[PDB]
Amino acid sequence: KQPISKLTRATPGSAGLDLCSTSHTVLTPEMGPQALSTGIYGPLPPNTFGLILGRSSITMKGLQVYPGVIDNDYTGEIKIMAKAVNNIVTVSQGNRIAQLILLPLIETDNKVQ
């Protein structure tokens, strides 16, 4: 169970923190959306939330990552929601397949149900 602080960025000016799949997974379009496990857990730094997006090279190879929100106070495992677009996609254990981007969490007076 690793916290977000263990993630790395490709370059100093890279916006995304790369996420790996902890399992070897084969995906086909007929399977629809699948939740890939990353081994990384919330919560996030104060006053931030996360967006999970695909890496461009992975998108171009036919694996679509559906953008996901990581809440500031989420303490579960970060999953990547993904679907093979056209072809059979093979995700090997350790392949970096998505990235976490951190964004400011704006306060509002909206009610909390």
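Position 1 is the first residue in the sequence shown; the rest follow in order.
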* Tell me which of 53-61 and 84-92 has the higher mean C-alpha B-factor in the deposited entry. => 84-92
* To do: Check the entry's C-alpha temperature factors for 5-13 and 93-101, then say which stretch has the higher mean.
  => 5-13
* Cα B factor band for residue 67 (lowest, middle or highest third within the chain) -> lowest
* Third of chain Cα B-factors occupied by residue 37 -> highest
